[PDB]
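Next up is one chain by itself, shown in structure tokens, the form deposited in one PDB entry.
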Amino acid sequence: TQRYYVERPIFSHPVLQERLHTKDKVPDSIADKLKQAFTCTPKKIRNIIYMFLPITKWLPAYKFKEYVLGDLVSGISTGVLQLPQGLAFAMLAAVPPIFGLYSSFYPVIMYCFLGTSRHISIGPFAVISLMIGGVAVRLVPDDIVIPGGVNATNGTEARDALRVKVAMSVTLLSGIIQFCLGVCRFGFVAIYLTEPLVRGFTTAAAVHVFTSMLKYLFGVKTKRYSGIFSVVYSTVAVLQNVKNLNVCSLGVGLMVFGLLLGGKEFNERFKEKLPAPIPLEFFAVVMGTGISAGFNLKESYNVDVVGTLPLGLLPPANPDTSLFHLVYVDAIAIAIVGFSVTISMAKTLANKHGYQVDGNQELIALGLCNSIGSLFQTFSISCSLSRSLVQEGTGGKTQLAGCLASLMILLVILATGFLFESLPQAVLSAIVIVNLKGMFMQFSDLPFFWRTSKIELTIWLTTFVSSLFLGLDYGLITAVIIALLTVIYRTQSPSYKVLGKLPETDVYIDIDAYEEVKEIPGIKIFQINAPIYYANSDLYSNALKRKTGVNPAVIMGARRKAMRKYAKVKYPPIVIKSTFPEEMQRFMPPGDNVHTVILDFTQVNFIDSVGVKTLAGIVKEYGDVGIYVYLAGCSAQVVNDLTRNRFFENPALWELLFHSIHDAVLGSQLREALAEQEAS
């Protein structure tokens, strides 16, 4: 075995520097640092193509034997869920339902070619649908008259067409913004989305969607509220109008809701019994449409249905740029929110399955998908939380599962779009509510974060409140800023400790922690685990004067008190010897007689101009009353900050630095002993 044993002279700063000679670095010209980027070797261009076109990467290396069954089952199980969710989100956007299926096919196909993550199901999203519907209603209210040959029997088809055009324009603008952000390498901002913030934002969005689904379930009409305090206004509106509900719609919605809970719990408790989970949503919609067609609930009890569904695909429609100046803000908000949600899901799924995703490629893929979708009659979309988990939980392994879902959505569009025209809105509302239960389950993080780390609990609660009451567009920004400022709070509330020396060793630990550490007499040690930047210097000085019990101001006051009570280019020395008579010392109230204060800088990352000024003031003031101050553990970075500022214009301040606490202790003790020698 071996024991920790080192023998060496006391390493102050000048003693250590005379033993070290700076190395000569190799400068890299900014001109020669650009030439090597244009070698254009086949490997480099192949890597670039692989980066921009991930389909060329994971498709040739497709391991058939263990991917075919999982991909097929996951694709079927996610398409059967994407259909009712697509229709439901279409109605939330104040657009005809067929546009939900239009928006659930083109971007999925494009993301199967341009996407990096291989476990997310891109498609219609509830939050994006809500925001698109809000802007569509804001631009096009229910009071627009068009004399385009239509008689007095207006079916509001013109209003729906204008709303569709508004959604297309804002989607195209959001896609262009996302593409421009992606090519600008901005996707590096996704790292600021901490896990508690994402969980809180998703839960708040889940509450918004759940409360926005109540009017669809009950069947009562209610004007849509968008903006600040939207959730509370919407819920009080639906509560005021609840007296005029539709009994049959509520009954069928509650029945399918209970059936969905029963089936989901059955699958959960019979997980081992199944080779592949049964698609419950498909059975739910089949039952709903069968009953509705059986009893003709559209008119017999005034139970509104999804409506007619035209067939056939549409040729590309070149949009107009006449609405950009009206919806430019909301398009930016849509792009930011969609990218944030999709990057959070892609990152967490990649971490779970052991790989990596690219933020910039995600932005580029979303931008191209949204833009070309706007050319192809499609509104803005992003990743979907519940749908992606359903696709993965059933054995999703590559992105071909999304392609299969897109293909079956195409099949429904072309062939059996008429079959679902009688589906009541209650079934879709209950399906959305039941699939959103997984997001209600995230309240378990409240006691958990309370036990583990209260700062993250504060971030979670602040994000949830800011995204619930205020609009989702600005709640995310507010939560991000609060999360960033929590670091500032942490650096403004550090742990000031006074250290003591373990006997016979060099381990220095807090004096009030372990009952065996003993403070060295005449030497006080202070430690701060935080930088000394502008918003921290004053607190550091106050803590130094309070914890150590050595305040030069009160020392001078007591010295003058004893004085009045008894009576009835070169630089000056940093430490002024105590010009206090020994006879006057008899009238000097007792004290610890501290002769040196050691400052620990091992846990100080940086110091700025305000910090340097405060440190110089501390050194000068403490030296005024004849108390030496040494800095221990000054890293090379902090030494550079001190040198850059005006701290070291007096060369005699070089010797105050040291390398370790024990080095400073040995130096101070040796200096005291040397001063003892010449005393007598």
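The first residue of the sequence shown is number 1, and the count goes up from there. If you superpose the two forms and keep the largest set of C-alpha atoms that fall within 1.5 Å, you have the rigid core.
The form deposited in another entry exists for this protein as well; it is not shown, and the discussion that follows is about that form.
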Listing 491, 602, 348, 541 as candidates, which single one shows a C-alpha movement of 2 Å or greater between this form and the one not shown when the core is held fixed?
348
Using the rigid core as the reference frame, would you say residue 138 shifts its C-alpha by 2 Å or more between this form and the one not shown?
yes
Threshold 2 Å Cα movement between this form and the one not shown for residue 636, core superposed
no
So that I can tell if residue 647 moves, could you say whether its C-alpha shifts by at least 2 Å between this form and the one not shown after the core superposition?
no
